[PDB]
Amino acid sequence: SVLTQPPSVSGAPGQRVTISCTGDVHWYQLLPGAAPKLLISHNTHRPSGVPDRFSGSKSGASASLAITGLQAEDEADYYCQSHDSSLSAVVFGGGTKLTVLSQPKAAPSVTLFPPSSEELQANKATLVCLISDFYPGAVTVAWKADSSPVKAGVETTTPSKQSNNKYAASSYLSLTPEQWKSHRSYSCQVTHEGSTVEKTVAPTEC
């Protein structure tokens, strides 16, 4: 009825990685700018055209997609899929993003922008947290009003590749002009590979 796969798996070039799907299981590769493609069907069958570095297996309720001699080009979303005959329905796993670690760790630089004078004239305020020059391309963003977590008015982009091949991300906190003046300070907290980088901004004082 439900297929469970981890949201994130990583490995270095030339190494072997596995992606587990726990519930016949079919595997699809999703590369950007292309249709989903079948890599493995019926647990173990590799269709003609699929490189031999991909293989599938199943023991009990646990299906596994393996990639040997991992390539940077294998970076993609991988989806497991079943036919639930009791409900006569197709069931998908949540997807696994495969990261291929092709350069060393680089910590993000975080820059927090206050709302502009122009936005405040329009009776609005947005805080912009710019996150740049990080690898790998995964961060968690948490916003703070003084010390307390902000649970609403937050929009965050999925990391995008910069022209230098490191990653960037952006986060936005929407608030009222009074809220910007009510609190002493607001904070953007960024978590990357266990490490936290925090920046704070306050209304300009002259």
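The numbering used is simple: start at 1 and walk along the sequence shown.
**Student:** Between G23 and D24, count the deposited residues left without coordinates and pick a bin: none, 1 to 3, 4 to 9, 10 or more.
**Tutor:** The entry leaves 4 to 9 residues without coordinates here.
**Student:** Higher mean Cα B-factor in the deposited model: 42-50 or 144-152?
**Tutor:** Taking the mean B-factor of the alpha carbons in each, 144-152 is higher.
**Student:** Highest mean C-alpha temperature factor of the two stretches 5-13 and 178-186, which is it?
**Tutor:** Comparing 178-186 with 5-13, the higher average CA B-factor belongs to 178-186.
**Student:** If you compare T111, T99, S82, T126, which has the highest Cα B-factor in the entry?
**Tutor:** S82 has the highest C-alpha B-factor of those listed.
**Student:** Please rank the C-alpha B-factors of the chain's modelled residues and tell me whether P104 sits in the lowest, middle or highest third.
**Tutor:** For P104, the deposited C-alpha B-factor lands in the highest third.
**Student:** Can you tell me whether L65 has a C-alpha B-factor in the lowest, middle or highest third compared with the other modelled residues of the same chain?
**Tutor:** As the PDB entry reports it, the C-alpha B-factor of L65 lands in the lowest third of its chain.
**Student:** Lowest, middle or highest third of the chain for the C-alpha temperature factor of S116?
**Tutor:** Answer is lowest: the recorded C-alpha B-factor places it there.
**Student:** How does the C-alpha B factor of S171 compare with the rest of the chain: lowest, middle or highest third?
**Tutor:** Bottom third by C-alpha B-factor.
**Student:** Could you look up the Cα B-factor of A76 in the entry and say which third of the chain it sits in: lowest, middle or highest?
**Tutor:** CA B-factor rank for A76: lowest third.
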